[PDB]
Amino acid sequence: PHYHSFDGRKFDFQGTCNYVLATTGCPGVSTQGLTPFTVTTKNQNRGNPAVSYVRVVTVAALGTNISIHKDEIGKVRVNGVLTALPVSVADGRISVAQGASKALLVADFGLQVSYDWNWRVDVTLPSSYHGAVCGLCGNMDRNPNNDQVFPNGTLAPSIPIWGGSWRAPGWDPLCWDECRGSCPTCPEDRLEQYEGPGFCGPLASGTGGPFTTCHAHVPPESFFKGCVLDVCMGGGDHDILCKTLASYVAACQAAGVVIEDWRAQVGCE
């Protein structure tokens, strides 16, 4: 997206991971009785040149998770549960209502978050949080020039490496902070299918199929990532899938892990 930090720094960043947009979880900062919160944004790429737009906004405050998803007009998720608007959560200390075609979250301690279920996100903080927050939005200290900084406080080499330091926790094998020219894409609706069994599932570490013996010798993620994108790009084509799986078997054999009869257990005979 195009971003505008609390302190007014305009920058572009096209990472497709889930990022810490604003948080009080800032190493080496005192909190002074401020209520803690975290706003995260999951991005989604499209096109080539690769750009990204926000697809999920998540607000974690007062022991509650409110996420707001693209195209789910009139609805939020309270702790993963789809919910109509308006709604009051966290003991009536947080409220979300629909206004002027956007979801407007407001909290008693002053956090304001809005998302229009498309790709505009706004985060507004009371003056008390000056210098007390961090993430992609910076530290809100009226200085726009020190906002591109690691969690540990030191300047970052590049925008994409800075954004990577601010990824939120959670496995996201297909995401990246920057696309170095030649980068596949895949619609998020086709993702669960291609990641599960019958497709690239065997190359994911828990799914318990014919390749689990090799997972600990040839870490599968890079093959998994390549499977889902090669398959998703090929419209789910079986022969792309089988080739990608056979290349993991080749790497496994070179590591001394034999995998006989695999084709029969994944239908690649």
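All residue numbers refer to positions in the sequence shown, first residue = 1.
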query: Greater mean Cα temperature factor according to the PDB record, 52-60 or 26-34; finding: 26-34
query: Segment of higher mean CA temperature factor, 90-98 or 180-188; finding: 180-188
query: Out of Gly131, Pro169, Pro151, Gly110, residue topping the C-alpha B-factor column of the entry; finding: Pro169
query: Ranked against its chain, the third holding the CA B-factor of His215; finding: middle
query: Among modelled residues of the same chain, the CA temperature factor third for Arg46; finding: highest
query: Third of chain Cα B-factors occupied by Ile240; finding: highest
query: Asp116, C-alpha B-factor rank within chain (lowest, middle or highest third); finding: lowest
query: CA B-factor ranking of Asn139, expressed as a third of its chain; finding: lowest
